[PDB]
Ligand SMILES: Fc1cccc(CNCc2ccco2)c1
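Form solved without this ligand, single chain, as structure tokens, below.
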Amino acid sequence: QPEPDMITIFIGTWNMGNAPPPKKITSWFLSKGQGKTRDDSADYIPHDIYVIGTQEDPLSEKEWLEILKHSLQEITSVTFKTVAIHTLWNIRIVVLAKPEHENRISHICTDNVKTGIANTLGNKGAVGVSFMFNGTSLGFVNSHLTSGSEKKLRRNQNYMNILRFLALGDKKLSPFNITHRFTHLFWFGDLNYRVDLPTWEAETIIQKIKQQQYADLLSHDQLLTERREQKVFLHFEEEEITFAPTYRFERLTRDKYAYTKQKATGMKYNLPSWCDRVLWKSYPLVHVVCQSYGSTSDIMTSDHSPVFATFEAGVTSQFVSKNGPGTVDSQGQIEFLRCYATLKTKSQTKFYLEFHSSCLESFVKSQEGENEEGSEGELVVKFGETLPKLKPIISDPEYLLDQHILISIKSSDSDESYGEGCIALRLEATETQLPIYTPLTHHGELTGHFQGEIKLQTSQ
């Protein structure tokens, strides 16, 4: 039975509004309703992995798992295995996988982050799950960010706290946050970004939604505008939105948006908004294709509608050779030529690099680079031809061309990372000098760039 080179992944996010679900929720897992929906001809085909994020979830873990498993069994006639479940307050993540994957999944991690301080600590934050699927690392984040139209900056701060402090994936990747630890990272939830239009325009917005004319609303969506301005979710993707705003509905229908200020809302307006979102970030040149992104129309117990997204994702096999794992494969090497880091720092410490990759026995430290002053007042750190030659554990091009090198540039004075990025080994040529490039981030904000050339030698 061959190992897969692709899987499909279902991502669901639903703010349940503290109400139990209705008896039938299958439309969620079938990607049926509004937006980019799944073809009816696929309804019996199970996804490989289902990741369910809830917010304001009133159920016990046992109660929700029974509903989820019975839903999937009805759709697919498959009894899914529980990979992980983790709950912080009323924020929950469930991961389910086809039984045939049970011995493909390992290194399961869970964690949570509580956002805010004093007043604002006690219900917002994030839960996450990571694991290895054969040779591929997968991370999943469900976050419930700060509410309210005038708190976009708070949401952005919540985002940065979550990516800094959520401890998932390989703890040996010490310089790297969750935005660099996984082949594929999915981040979803009630992100709570709003359509920024004046309150007086509520009925006009409702009109536009009834006409299915979303363009003049999406152009004011705070998540799209903050992402365009590089304030949040730098280097993440989101599918185009083609479904109506998923908040705030009157319960038990979808005919009415409930936007007016009430004592129950803290006298705040809740103009119709795309609160409920799915974004992803995959390593460079890894296959990932969104095959659905939409909302259900028939699940009406909450003031939010459920959101679904599905993906094709590239995966690799747990490779063994005569040599690696447990030795190098002398026939393989990775060389870096003419490399330099450009950093936004004012600091004047010397810097060194760390190269991390599961194609190495352990990470590799470089010599210090040569600092030069750049023409527009930046720091340029030159490595020239001084970088260590990296010795992969396996030389087979079928393995090595699918790998990635994580790079951290660290201060010699403090050993703190000033920037992290990732280089794909999926090159146009071997034994050939080729340009490489990554942006560098720290705490998920842009701090610089790394560029140079690579020369990859495989056994072929």
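Each residue number is its position in the shown sequence, starting from 1.
Not pictured, yet referred to below: the form deposited with this ligand bound.
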Evaluate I205 for contact with this ligand in the deposited complex, applying a 4.5 angstroms cut-off between non-hydrogen atoms, and reply yes or no.
no
Within 4.5 Å, heavy atoms only: does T82 come near this ligand in the deposited complex?
yes
Is there a heavy atom of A97 no more than 4.5 Å from a heavy atom of this ligand in the deposited complex?
yes
Is it the case that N103, even though its partner is missing from this view, gets within 4.5 Å of this ligand in the deposited complex, heavy atoms only?
yes
Which is the contacting stretch out of 302 to 310, 196 to 204, 74 to 82, 255 to 263, given heavy atoms within 4.5 Å of this ligand in the deposited complex?
74 to 82
